[PDB]
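*Asks:* Input file: final14.cif. Contents: mmCIF, N, CA and C atoms.
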data_upload
loop_
_atom_site.label_atom_id
_atom_site.label_comp_id
_atom_site.auth_asym_id
_atom_site.auth_seq_id
_atom_site.Cartn_x
_atom_site.Cartn_y
_atom_site.Cartn_z
N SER F 2 233.16 17.18 -9.27
CA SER F 2 231.74 17.56 -9.53
C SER F 2 231.21 16.83 -10.76
N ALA F 3 229.98 16.37 -10.64
CA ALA F 3 229.32 15.63 -11.71
C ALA F 3 228.44 16.61 -12.50
N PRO F 4 228.14 16.29 -13.76
CA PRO F 4 227.27 17.16 -14.53
C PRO F 4 225.89 17.32 -13.86
N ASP F 5 225.30 18.50 -14.01
CA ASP F 5 223.98 18.81 -13.49
C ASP F 5 223.74 18.40 -12.06
N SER F 6 224.77 18.57 -11.20
CA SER F 6 224.72 18.11 -9.83
C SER F 6 225.01 19.27 -8.89
N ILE F 7 224.34 19.26 -7.75
CA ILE F 7 224.44 20.34 -6.75
C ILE F 7 224.33 19.75 -5.36
N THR F 8 225.06 20.34 -4.42
CA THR F 8 224.96 20.03 -3.02
C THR F 8 224.70 21.34 -2.30
N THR F 9 223.69 21.33 -1.43
CA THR F 9 223.40 22.49 -0.60
C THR F 9 223.39 22.09 0.89
N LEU F 10 224.22 22.76 1.69
CA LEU F 10 224.37 22.51 3.11
C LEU F 10 223.92 23.77 3.83
N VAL F 11 223.06 23.60 4.81
CA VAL F 11 222.53 24.71 5.57
C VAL F 11 222.92 24.47 7.01
N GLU F 12 223.58 25.45 7.61
CA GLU F 12 224.20 25.34 8.91
C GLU F 12 224.13 26.66 9.65
N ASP F 13 223.77 26.61 10.93
CA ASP F 13 223.80 27.79 11.80
C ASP F 13 225.23 28.01 12.29
N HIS F 14 225.75 29.21 12.10
CA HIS F 14 227.02 29.57 12.73
C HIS F 14 226.73 30.67 13.76
N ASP F 15 226.43 30.28 15.00
CA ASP F 15 226.17 31.24 16.08
C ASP F 15 225.15 32.30 15.68
N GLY F 16 224.00 31.86 15.18
CA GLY F 16 222.91 32.75 14.78
C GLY F 16 222.92 33.18 13.30
N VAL F 17 224.06 33.04 12.62
CA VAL F 17 224.11 33.34 11.17
C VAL F 17 223.81 32.05 10.42
N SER F 18 222.77 32.01 9.59
CA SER F 18 222.56 30.84 8.72
C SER F 18 223.51 30.95 7.54
N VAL F 19 224.25 29.88 7.29
CA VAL F 19 225.15 29.78 6.16
C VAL F 19 224.62 28.70 5.22
N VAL F 20 224.33 29.09 3.99
CA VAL F 20 223.97 28.16 2.93
C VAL F 20 225.20 27.99 2.06
N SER F 21 225.79 26.79 2.11
CA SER F 21 226.98 26.49 1.33
C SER F 21 226.64 25.59 0.14
N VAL F 22 227.08 26.01 -1.04
CA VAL F 22 226.69 25.30 -2.27
C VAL F 22 227.93 24.77 -2.96
N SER F 23 227.81 23.56 -3.50
CA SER F 23 228.87 22.94 -4.25
C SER F 23 228.29 22.44 -5.57
N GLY F 24 229.12 22.43 -6.62
CA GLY F 24 228.74 21.86 -7.91
C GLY F 24 228.44 22.93 -8.91
N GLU F 25 227.31 22.83 -9.61
CA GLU F 25 226.99 23.78 -10.69
C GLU F 25 225.58 24.31 -10.50
N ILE F 26 225.43 25.62 -10.69
CA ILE F 26 224.15 26.30 -10.59
C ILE F 26 223.72 26.70 -12.01
N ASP F 27 222.70 26.02 -12.53
CA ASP F 27 222.08 26.40 -13.79
C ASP F 27 220.63 26.01 -13.80
N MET F 28 219.97 26.09 -14.95
CA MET F 28 218.53 25.86 -14.98
C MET F 28 218.11 24.50 -14.39
N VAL F 29 218.94 23.47 -14.54
CA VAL F 29 218.59 22.14 -14.05
C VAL F 29 218.63 22.04 -12.53
N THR F 30 219.64 22.66 -11.91
CA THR F 30 219.84 22.60 -10.46
C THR F 30 219.20 23.77 -9.68
N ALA F 31 218.78 24.80 -10.38
CA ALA F 31 218.20 26.00 -9.75
C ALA F 31 217.00 25.73 -8.84
N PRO F 32 216.04 24.88 -9.25
CA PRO F 32 214.89 24.67 -8.35
C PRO F 32 215.29 24.11 -6.99
N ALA F 33 216.23 23.16 -6.96
CA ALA F 33 216.77 22.66 -5.69
C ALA F 33 217.38 23.78 -4.83
N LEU F 34 218.20 24.62 -5.42
CA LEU F 34 218.83 25.70 -4.68
C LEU F 34 217.76 26.70 -4.18
N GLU F 35 216.83 27.05 -5.06
CA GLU F 35 215.75 27.99 -4.69
C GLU F 35 214.94 27.50 -3.50
N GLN F 36 214.58 26.21 -3.51
CA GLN F 36 213.80 25.65 -2.40
C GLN F 36 214.58 25.70 -1.09
N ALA F 37 215.86 25.33 -1.12
CA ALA F 37 216.69 25.39 0.06
C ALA F 37 216.78 26.79 0.65
N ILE F 38 217.12 27.78 -0.19
CA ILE F 38 217.25 29.15 0.28
C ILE F 38 215.88 29.66 0.80
N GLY F 39 214.82 29.34 0.07
CA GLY F 39 213.47 29.78 0.44
C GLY F 39 213.07 29.35 1.85
N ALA F 40 213.37 28.11 2.20
CA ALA F 40 213.11 27.62 3.53
C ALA F 40 213.94 28.36 4.60
N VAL F 41 215.19 28.72 4.31
CA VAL F 41 216.02 29.53 5.24
C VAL F 41 215.42 30.92 5.41
N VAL F 42 215.10 31.56 4.30
CA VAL F 42 214.51 32.89 4.33
C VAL F 42 213.21 32.86 5.13
N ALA F 43 212.41 31.80 4.98
CA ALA F 43 211.12 31.68 5.71
C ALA F 43 211.29 31.62 7.23
N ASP F 44 212.47 31.20 7.70
CA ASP F 44 212.79 31.16 9.14
C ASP F 44 213.31 32.49 9.71
N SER F 45 213.40 33.53 8.88
CA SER F 45 213.76 34.87 9.32
C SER F 45 215.04 34.86 10.16
N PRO F 46 216.16 34.37 9.59
CA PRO F 46 217.42 34.43 10.34
C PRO F 46 217.88 35.88 10.55
N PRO F 47 218.68 36.13 11.61
CA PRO F 47 219.19 37.50 11.79
C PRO F 47 220.20 37.90 10.72
N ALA F 48 220.86 36.90 10.15
CA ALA F 48 221.76 37.12 9.04
C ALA F 48 221.90 35.85 8.19
N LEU F 49 222.22 36.05 6.92
CA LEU F 49 222.32 34.95 5.95
C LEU F 49 223.57 35.16 5.12
N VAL F 50 224.39 34.12 5.03
CA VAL F 50 225.51 34.13 4.09
C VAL F 50 225.32 32.98 3.12
N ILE F 51 225.48 33.26 1.83
CA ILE F 51 225.48 32.22 0.81
C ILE F 51 226.94 32.03 0.38
N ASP F 52 227.48 30.85 0.66
CA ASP F 52 228.90 30.55 0.36
C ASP F 52 228.98 29.75 -0.94
N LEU F 53 229.52 30.37 -1.98
CA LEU F 53 229.68 29.77 -3.30
C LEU F 53 231.10 29.33 -3.52
N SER F 54 231.91 29.24 -2.46
CA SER F 54 233.30 28.80 -2.61
C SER F 54 233.47 27.51 -3.41
N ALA F 55 232.62 26.51 -3.16
CA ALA F 55 232.74 25.23 -3.87
C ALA F 55 231.92 25.11 -5.14
N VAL F 56 231.39 26.22 -5.65
CA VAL F 56 230.63 26.19 -6.91
C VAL F 56 231.61 26.31 -8.07
N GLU F 57 231.53 25.37 -9.01
CA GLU F 57 232.45 25.34 -10.14
C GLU F 57 231.91 26.03 -11.37
N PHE F 58 230.58 26.22 -11.44
CA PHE F 58 229.97 26.89 -12.55
C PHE F 58 228.75 27.63 -12.00
N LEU F 59 228.70 28.94 -12.24
CA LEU F 59 227.60 29.80 -11.82
C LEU F 59 226.97 30.36 -13.07
N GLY F 60 225.75 29.95 -13.37
CA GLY F 60 225.08 30.45 -14.57
C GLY F 60 224.17 31.60 -14.24
N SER F 61 223.53 32.15 -15.27
CA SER F 61 222.67 33.33 -15.12
C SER F 61 221.55 33.16 -14.08
N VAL F 62 220.89 32.00 -14.09
CA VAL F 62 219.80 31.76 -13.14
C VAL F 62 220.31 31.80 -11.70
N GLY F 63 221.57 31.47 -11.51
CA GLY F 63 222.14 31.60 -10.23
C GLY F 63 222.24 33.03 -9.74
N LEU F 64 222.59 33.94 -10.63
CA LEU F 64 222.59 35.36 -10.33
C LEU F 64 221.19 35.84 -9.98
N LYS F 65 220.21 35.39 -10.76
CA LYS F 65 218.80 35.75 -10.48
C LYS F 65 218.37 35.32 -9.08
N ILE F 66 218.80 34.12 -8.68
CA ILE F 66 218.52 33.60 -7.35
C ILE F 66 219.16 34.46 -6.26
N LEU F 67 220.41 34.85 -6.45
CA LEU F 67 221.07 35.73 -5.48
C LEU F 67 220.33 37.06 -5.32
N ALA F 68 220.01 37.70 -6.44
CA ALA F 68 219.34 38.98 -6.43
C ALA F 68 217.94 38.84 -5.81
N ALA F 69 217.21 37.76 -6.15
CA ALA F 69 215.84 37.57 -5.61
C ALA F 69 215.88 37.29 -4.10
N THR F 70 216.90 36.58 -3.67
CA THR F 70 217.11 36.32 -2.26
C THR F 70 217.31 37.63 -1.50
N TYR F 71 218.25 38.45 -1.97
CA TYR F 71 218.53 39.73 -1.33
C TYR F 71 217.26 40.59 -1.28
N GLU F 72 216.53 40.64 -2.39
CA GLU F 72 215.32 41.49 -2.51
C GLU F 72 214.21 41.14 -1.53
N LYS F 73 214.11 39.88 -1.11
CA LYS F 73 213.09 39.43 -0.17
C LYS F 73 213.49 39.35 1.31
N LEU F 74 214.76 39.55 1.65
CA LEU F 74 215.18 39.47 3.07
C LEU F 74 214.59 40.63 3.89
N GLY F 75 214.55 40.42 5.19
CA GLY F 75 214.14 41.46 6.13
C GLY F 75 215.01 42.68 5.92
N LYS F 76 214.45 43.84 6.18
CA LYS F 76 215.17 45.08 5.96
C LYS F 76 216.44 45.20 6.82
N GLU F 77 216.47 44.52 7.96
CA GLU F 77 217.59 44.64 8.89
C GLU F 77 218.40 43.34 8.95
N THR F 78 218.14 42.43 8.03
CA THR F 78 218.80 41.13 8.01
C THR F 78 220.17 41.29 7.35
N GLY F 79 221.22 40.83 8.01
CA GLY F 79 222.55 40.85 7.40
C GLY F 79 222.61 39.88 6.22
N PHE F 80 223.37 40.25 5.17
CA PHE F 80 223.52 39.39 4.01
C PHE F 80 224.90 39.56 3.42
N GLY F 81 225.48 38.44 3.02
CA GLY F 81 226.70 38.44 2.23
C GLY F 81 226.80 37.21 1.36
N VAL F 82 227.61 37.31 0.32
CA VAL F 82 227.89 36.19 -0.56
C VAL F 82 229.41 36.01 -0.58
N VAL F 83 229.83 34.76 -0.50
CA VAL F 83 231.26 34.42 -0.59
C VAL F 83 231.53 33.85 -1.96
N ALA F 84 232.52 34.40 -2.69
CA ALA F 84 232.90 33.85 -3.98
C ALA F 84 234.40 33.97 -4.17
N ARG F 85 235.00 32.90 -4.66
CA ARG F 85 236.42 32.83 -4.91
C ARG F 85 236.67 32.38 -6.35
N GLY F 86 237.53 33.10 -7.05
CA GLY F 86 237.91 32.72 -8.40
C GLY F 86 236.90 33.21 -9.44
N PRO F 87 237.33 33.22 -10.70
CA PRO F 87 236.53 33.87 -11.74
C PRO F 87 235.19 33.23 -12.09
N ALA F 88 235.06 31.92 -11.93
CA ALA F 88 233.82 31.26 -12.33
C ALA F 88 232.63 31.84 -11.59
N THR F 89 232.81 32.18 -10.32
CA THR F 89 231.72 32.75 -9.54
C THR F 89 231.83 34.29 -9.46
N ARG F 90 233.05 34.81 -9.30
CA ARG F 90 233.21 36.25 -9.06
C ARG F 90 232.95 37.07 -10.34
N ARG F 91 233.36 36.56 -11.49
CA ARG F 91 233.19 37.33 -12.74
C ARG F 91 231.69 37.57 -13.08
N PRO F 92 230.84 36.54 -13.02
CA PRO F 92 229.38 36.83 -13.30
C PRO F 92 228.77 37.85 -12.34
N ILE F 93 229.15 37.74 -11.08
CA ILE F 93 228.64 38.67 -10.08
C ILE F 93 229.11 40.10 -10.39
N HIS F 94 230.41 40.25 -10.66
CA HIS F 94 230.96 41.56 -10.98
C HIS F 94 230.39 42.15 -12.29
N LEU F 95 230.30 41.33 -13.34
CA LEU F 95 229.84 41.80 -14.69
C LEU F 95 228.44 42.35 -14.65
N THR F 96 227.61 41.73 -13.81
CA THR F 96 226.24 42.14 -13.71
C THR F 96 226.00 43.16 -12.62
N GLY F 97 227.05 43.56 -11.91
CA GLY F 97 226.93 44.63 -10.94
C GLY F 97 226.33 44.22 -9.62
N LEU F 98 226.13 42.92 -9.42
CA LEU F 98 225.46 42.47 -8.22
C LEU F 98 226.24 42.75 -6.96
N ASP F 99 227.57 42.80 -7.08
CA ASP F 99 228.41 43.19 -5.95
C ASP F 99 228.31 44.68 -5.57
N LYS F 100 227.58 45.46 -6.34
CA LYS F 100 227.22 46.83 -5.93
C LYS F 100 225.90 46.83 -5.16
N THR F 101 225.14 45.75 -5.25
CA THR F 101 223.85 45.61 -4.60
C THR F 101 223.96 45.00 -3.22
N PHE F 102 224.80 43.98 -3.09
CA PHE F 102 225.05 43.37 -1.79
C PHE F 102 226.55 43.07 -1.66
N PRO F 103 227.02 42.85 -0.44
CA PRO F 103 228.44 42.63 -0.21
C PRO F 103 228.93 41.28 -0.69
N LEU F 104 230.03 41.28 -1.43
CA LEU F 104 230.71 40.08 -1.87
C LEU F 104 232.02 39.94 -1.04
N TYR F 105 232.28 38.76 -0.51
CA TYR F 105 233.46 38.49 0.32
C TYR F 105 234.31 37.38 -0.31
N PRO F 106 235.62 37.37 -0.05
CA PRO F 106 236.49 36.32 -0.58
C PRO F 106 236.51 35.05 0.29
N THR F 107 236.11 35.15 1.56
CA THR F 107 236.06 34.01 2.44
C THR F 107 234.87 34.06 3.35
N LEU F 108 234.51 32.91 3.91
CA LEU F 108 233.42 32.84 4.85
C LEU F 108 233.77 33.61 6.14
N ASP F 109 235.00 33.48 6.62
CA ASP F 109 235.44 34.21 7.81
C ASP F 109 235.20 35.70 7.65
N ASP F 110 235.57 36.24 6.49
CA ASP F 110 235.33 37.66 6.22
C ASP F 110 233.86 38.00 6.26
N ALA F 111 233.03 37.14 5.66
CA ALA F 111 231.58 37.40 5.64
C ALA F 111 230.98 37.34 7.06
N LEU F 112 231.36 36.32 7.83
CA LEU F 112 230.86 36.18 9.18
C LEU F 112 231.27 37.35 10.11
N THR F 113 232.50 37.81 9.99
CA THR F 113 232.95 39.00 10.72
C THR F 113 232.11 40.23 10.37
N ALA F 114 231.86 40.45 9.08
CA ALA F 114 231.12 41.62 8.65
C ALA F 114 229.68 41.57 9.11
N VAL F 115 229.04 40.41 8.99
CA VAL F 115 227.62 40.29 9.37
C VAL F 115 227.42 40.42 10.88
N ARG F 116 228.44 40.10 11.68
CA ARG F 116 228.34 40.24 13.13
C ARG F 116 228.71 41.64 13.69
N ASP F 117 229.37 42.49 12.90
CA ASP F 117 229.74 43.86 13.32
C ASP F 117 228.54 44.80 13.37
#
Would you put the structure from the file into structure tokens?
*Replies:*
Amino acid sequence: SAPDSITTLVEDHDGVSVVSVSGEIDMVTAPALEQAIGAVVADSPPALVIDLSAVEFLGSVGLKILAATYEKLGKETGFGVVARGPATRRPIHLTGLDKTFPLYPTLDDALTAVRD
């Protein structure tokens, strides 16, 4: 991963939109991530998973983006976040966001839950 660099991949998995992010989420890269997620949310998917498995640094603005995303989804829209390791899981846990929406250790786990 390069400094101030982000990759966002958006892919349909059998009706579930998966937004997969790599690199670092902070004030510099946040507008790119926000625009990507915003366009997915605007398409009203039946479910949305944000996969942060490949994110090496998750800053505060990234948490704000997760919470704002959840707050604007359809009332019946499935949602989950995938996070592995302390760089991503610790900020989510410290701020209580995993009490607001489901946090999963793998994409497979998230996809199973959103389809049940």
*Asks:* Could you pull out the strand (DSSP E or B) residues of chain F from DSSP and send them as a PyMOL selection string?
*Replies:* chain F and resi 7-14+17-26+48-59+79-83+104-105
*Asks:* Would you work out the distance separating CA of residue 89 in chain F from CA of residue 44 in chain F, expressed in Å to one decimal?
*Replies:*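 That distance, rounded to one decimal, is 26.6 Å.
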*Asks:* To verify the selection step, state as a compact mmCIF listing (two decimals) with N, CA and C atoms, keeping the file's coordinate frame which residues the PyMOL selection byres ((chain F and resi 3-17) around 8) yields on this input.
*Replies:*
# COMPACT_ATOMS: atom_id res chain seq x y z
N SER F 2 233.16 17.18 -9.27
CA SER F 2 231.74 17.56 -9.53
C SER F 2 231.21 16.83 -10.76
N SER F 18 222.77 32.01 9.59
CA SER F 18 222.56 30.84 8.72
C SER F 18 223.51 30.95 7.54
N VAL F 19 224.25 29.88 7.29
CA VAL F 19 225.15 29.78 6.16
C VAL F 19 224.62 28.70 5.22
N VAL F 20 224.33 29.09 3.99
CA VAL F 20 223.97 28.16 2.93
C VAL F 20 225.20 27.99 2.06
N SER F 21 225.79 26.79 2.11
CA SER F 21 226.98 26.49 1.33
C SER F 21 226.64 25.59 0.14
N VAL F 22 227.08 26.01 -1.04
CA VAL F 22 226.69 25.30 -2.27
C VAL F 22 227.93 24.77 -2.96
N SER F 23 227.81 23.56 -3.50
CA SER F 23 228.87 22.94 -4.25
C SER F 23 228.29 22.44 -5.57
N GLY F 24 229.12 22.43 -6.62
CA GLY F 24 228.74 21.86 -7.91
C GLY F 24 228.44 22.93 -8.91
N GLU F 25 227.31 22.83 -9.61
CA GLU F 25 226.99 23.78 -10.69
C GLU F 25 225.58 24.31 -10.50
N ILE F 26 225.43 25.62 -10.69
CA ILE F 26 224.15 26.30 -10.59
C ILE F 26 223.72 26.70 -12.01
N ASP F 27 222.70 26.02 -12.53
CA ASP F 27 222.08 26.40 -13.79
C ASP F 27 220.63 26.01 -13.80
N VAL F 29 218.94 23.47 -14.54
CA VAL F 29 218.59 22.14 -14.05
C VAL F 29 218.63 22.04 -12.53
N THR F 30 219.64 22.66 -11.91
CA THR F 30 219.84 22.60 -10.46
C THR F 30 219.20 23.77 -9.68
N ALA F 33 216.23 23.16 -6.96
CA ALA F 33 216.77 22.66 -5.69
C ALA F 33 217.38 23.78 -4.83
N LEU F 34 218.20 24.62 -5.42
CA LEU F 34 218.83 25.70 -4.68
C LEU F 34 217.76 26.70 -4.18
N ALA F 37 215.86 25.33 -1.12
CA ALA F 37 216.69 25.39 0.06
C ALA F 37 216.78 26.79 0.65
N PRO F 46 216.16 34.37 9.59
CA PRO F 46 217.42 34.43 10.34
C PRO F 46 217.88 35.88 10.55
N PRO F 47 218.68 36.13 11.61
CA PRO F 47 219.19 37.50 11.79
C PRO F 47 220.20 37.90 10.72
N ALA F 48 220.86 36.90 10.15
CA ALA F 48 221.76 37.12 9.04
C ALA F 48 221.90 35.85 8.19
N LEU F 49 222.22 36.05 6.92
CA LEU F 49 222.32 34.95 5.95
C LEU F 49 223.57 35.16 5.12
N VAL F 50 224.39 34.12 5.03
CA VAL F 50 225.51 34.13 4.09
C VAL F 50 225.32 32.98 3.12
N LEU F 112 231.36 36.32 7.83
CA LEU F 112 230.86 36.18 9.18
C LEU F 112 231.27 37.35 10.11
N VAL F 115 229.04 40.41 8.99
CA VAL F 115 227.62 40.29 9.37
C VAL F 115 227.42 40.42 10.88
*Asks:* One decimal, Å: what's the distance from CA of residue 82 in chain F over to atom N of residue 28 in chain F, could you say?
*Replies:*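 Atom N of residue 28 in chain F lies at a distance of 19.3 Å from CA of residue 82 in chain F.
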*Asks:* If we count only C-alpha atoms, what is near residue 64 in chain F at a cut-off of 8 Å, once residues fewer than 6 positions away on the same chain are taken out, given as a PDB file with N, CA and C atoms, in the coordinates of the input?
*Replies:*
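selection_23.pdb, freshly written:
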ATOM      1  N   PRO F  92     230.840  36.540 -13.020  1.00  0.00           N
ATOM      2  CA  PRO F  92     229.380  36.830 -13.300  1.00  0.00           C
ATOM      3  C   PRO F  92     228.770  37.850 -12.340  1.00  0.00           C
ATOM      4  N   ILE F  93     229.150  37.740 -11.080  1.00  0.00           N
ATOM      5  CA  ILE F  93     228.640  38.670 -10.080  1.00  0.00           C
ATOM      6  C   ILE F  93     229.110  40.100 -10.390  1.00  0.00           C
ATOM      7  N   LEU F  98     226.130  42.920  -9.420  1.00  0.00           N
ATOM      8  CA  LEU F  98     225.460  42.470  -8.220  1.00  0.00           C
ATOM      9  C   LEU F  98     226.240  42.750  -6.960  1.00  0.00           C
TER      10      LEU F  98
END
*Asks:* For residue 107 in chain F, which residue among F:59, F:51, F:31, F:66 is the nearest when counting only C-alpha atoms?
*Replies:*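 The answer is F:51, which sits nearest to residue 107 in chain F.
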*Asks:* Complete range 73-96 of chain F at the level of N, CA, C and O atoms, written as a PDB file, in the frame of the given file.
*Replies:*
ATOM      1  N   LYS F  73     214.110  39.880  -1.110  1.00  0.00           N
ATOM      2  CA  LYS F  73     213.090  39.430  -0.170  1.00  0.00           C
ATOM      3  C   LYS F  73     213.490  39.350   1.310  1.00  0.00           C
ATOM      4  O   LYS F  73     212.615  39.139   2.159  1.00  0.00           O
ATOM      5  N   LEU F  74     214.760  39.550   1.650  1.00  0.00           N
ATOM      6  CA  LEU F  74     215.180  39.470   3.070  1.00  0.00           C
ATOM      7  C   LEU F  74     214.590  40.630   3.890  1.00  0.00           C
ATOM      8  O   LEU F  74     214.173  41.694   3.362  1.00  0.00           O
ATOM      9  N   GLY F  75     214.550  40.420   5.190  1.00  0.00           N
ATOM     10  CA  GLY F  75     214.140  41.460   6.130  1.00  0.00           C
ATOM     11  C   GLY F  75     215.010  42.680   5.920  1.00  0.00           C
ATOM     12  O   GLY F  75     216.181  42.592   5.541  1.00  0.00           O
ATOM     13  N   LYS F  76     214.450  43.840   6.180  1.00  0.00           N
ATOM     14  CA  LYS F  76     215.170  45.080   5.960  1.00  0.00           C
ATOM     15  C   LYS F  76     216.440  45.200   6.820  1.00  0.00           C
ATOM     16  O   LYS F  76     217.335  45.948   6.475  1.00  0.00           O
ATOM     17  N   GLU F  77     216.470  44.520   7.960  1.00  0.00           N
ATOM     18  CA  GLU F  77     217.590  44.640   8.890  1.00  0.00           C
ATOM     19  C   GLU F  77     218.400  43.340   8.950  1.00  0.00           C
ATOM     20  O   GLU F  77     219.228  43.180   9.836  1.00  0.00           O
ATOM     21  N   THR F  78     218.140  42.430   8.030  1.00  0.00           N
ATOM     22  CA  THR F  78     218.800  41.130   8.010  1.00  0.00           C
ATOM     23  C   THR F  78     220.170  41.290   7.350  1.00  0.00           C
ATOM     24  O   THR F  78     220.265  41.832   6.257  1.00  0.00           O
ATOM     25  N   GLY F  79     221.220  40.830   8.010  1.00  0.00           N
ATOM     26  CA  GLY F  79     222.550  40.850   7.400  1.00  0.00           C
ATOM     27  C   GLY F  79     222.610  39.880   6.220  1.00  0.00           C
ATOM     28  O   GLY F  79     221.961  38.812   6.226  1.00  0.00           O
ATOM     29  N   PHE F  80     223.370  40.250   5.170  1.00  0.00           N
ATOM     30  CA  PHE F  80     223.520  39.390   4.010  1.00  0.00           C
ATOM     31  C   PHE F  80     224.900  39.560   3.420  1.00  0.00           C
ATOM     32  O   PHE F  80     225.378  40.688   3.230  1.00  0.00           O
ATOM     33  N   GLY F  81     225.480  38.440   3.020  1.00  0.00           N
ATOM     34  CA  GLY F  81     226.700  38.440   2.230  1.00  0.00           C
ATOM     35  C   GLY F  81     226.800  37.210   1.360  1.00  0.00           C
ATOM     36  O   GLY F  81     226.155  36.185   1.635  1.00  0.00           O
ATOM     37  N   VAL F  82     227.610  37.310   0.320  1.00  0.00           N
ATOM     38  CA  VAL F  82     227.890  36.190  -0.560  1.00  0.00           C
ATOM     39  C   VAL F  82     229.410  36.010  -0.580  1.00  0.00           C
ATOM     40  O   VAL F  82     230.149  36.976  -0.689  1.00  0.00           O
ATOM     41  N   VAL F  83     229.830  34.760  -0.500  1.00  0.00           N
ATOM     42  CA  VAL F  83     231.260  34.420  -0.590  1.00  0.00           C
ATOM     43  C   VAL F  83     231.530  33.850  -1.960  1.00  0.00           C
ATOM     44  O   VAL F  83     230.870  32.853  -2.363  1.00  0.00           O
ATOM     45  N   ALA F  84     232.520  34.400  -2.690  1.00  0.00           N
ATOM     46  CA  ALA F  84     232.900  33.850  -3.980  1.00  0.00           C
ATOM     47  C   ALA F  84     234.400  33.970  -4.170  1.00  0.00           C
ATOM     48  O   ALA F  84     234.984  35.015  -3.861  1.00  0.00           O
ATOM     49  N   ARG F  85     235.000  32.900  -4.660  1.00  0.00           N
ATOM     50  CA  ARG F  85     236.420  32.830  -4.910  1.00  0.00           C
ATOM     51  C   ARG F  85     236.670  32.380  -6.350  1.00  0.00           C
ATOM     52  O   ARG F  85     236.154  31.388  -6.824  1.00  0.00           O
ATOM     53  N   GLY F  86     237.530  33.100  -7.050  1.00  0.00           N
ATOM     54  CA  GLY F  86     237.910  32.720  -8.400  1.00  0.00           C
ATOM     55  C   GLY F  86     236.900  33.210  -9.440  1.00  0.00           C
ATOM     56  O   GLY F  86     235.757  33.548  -9.109  1.00  0.00           O
ATOM     57  N   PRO F  87     237.330  33.220 -10.700  1.00  0.00           N
ATOM     58  CA  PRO F  87     236.530  33.870 -11.740  1.00  0.00           C
ATOM     59  C   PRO F  87     235.190  33.230 -12.090  1.00  0.00           C
ATOM     60  O   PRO F  87     234.296  33.933 -12.513  1.00  0.00           O
ATOM     61  N   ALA F  88     235.060  31.920 -11.930  1.00  0.00           N
ATOM     62  CA  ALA F  88     233.820  31.260 -12.330  1.00  0.00           C
ATOM     63  C   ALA F  88     232.630  31.840 -11.590  1.00  0.00           C
ATOM     64  O   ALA F  88     231.524  31.946 -12.139  1.00  0.00           O
ATOM     65  N   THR F  89     232.810  32.180 -10.320  1.00  0.00           N
ATOM     66  CA  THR F  89     231.720  32.750  -9.540  1.00  0.00           C
ATOM     67  C   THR F  89     231.830  34.290  -9.460  1.00  0.00           C
ATOM     68  O   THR F  89     230.810  34.982  -9.492  1.00  0.00           O
ATOM     69  N   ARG F  90     233.050  34.810  -9.300  1.00  0.00           N
ATOM     70  CA  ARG F  90     233.210  36.250  -9.060  1.00  0.00           C
ATOM     71  C   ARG F  90     232.950  37.070 -10.340  1.00  0.00           C
ATOM     72  O   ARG F  90     232.404  38.166 -10.261  1.00  0.00           O
ATOM     73  N   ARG F  91     233.360  36.560 -11.490  1.00  0.00           N
ATOM     74  CA  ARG F  91     233.190  37.330 -12.740  1.00  0.00           C
ATOM     75  C   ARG F  91     231.690  37.570 -13.080  1.00  0.00           C
ATOM     76  O   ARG F  91     231.317  38.715 -13.360  1.00  0.00           O
ATOM     77  N   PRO F  92     230.840  36.540 -13.020  1.00  0.00           N
ATOM     78  CA  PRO F  92     229.380  36.830 -13.300  1.00  0.00           C
ATOM     79  C   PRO F  92     228.770  37.850 -12.340  1.00  0.00           C
ATOM     80  O   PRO F  92     227.962  38.731 -12.754  1.00  0.00           O
ATOM     81  N   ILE F  93     229.150  37.740 -11.080  1.00  0.00           N
ATOM     82  CA  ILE F  93     228.640  38.670 -10.080  1.00  0.00           C
ATOM     83  C   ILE F  93     229.110  40.100 -10.390  1.00  0.00           C
ATOM     84  O   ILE F  93     228.342  41.045 -10.292  1.00  0.00           O
ATOM     85  N   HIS F  94     230.410  40.250 -10.660  1.00  0.00           N
ATOM     86  CA  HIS F  94     230.960  41.560 -10.980  1.00  0.00           C
ATOM     87  C   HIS F  94     230.390  42.150 -12.290  1.00  0.00           C
ATOM     88  O   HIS F  94     230.076  43.344 -12.328  1.00  0.00           O
ATOM     89  N   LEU F  95     230.300  41.330 -13.340  1.00  0.00           N
ATOM     90  CA  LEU F  95     229.840  41.800 -14.690  1.00  0.00           C
ATOM     91  C   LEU F  95     228.440  42.350 -14.650  1.00  0.00           C
ATOM     92  O   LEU F  95     228.113  43.302 -15.343  1.00  0.00           O
ATOM     93  N   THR F  96     227.610  41.730 -13.810  1.00  0.00           N
ATOM     94  CA  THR F  96     226.240  42.140 -13.710  1.00  0.00           C
ATOM     95  C   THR F  96     226.000  43.160 -12.620  1.00  0.00           C
ATOM     96  O   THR F  96     224.879  43.604 -12.458  1.00  0.00           O
TER      97      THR F  96
END
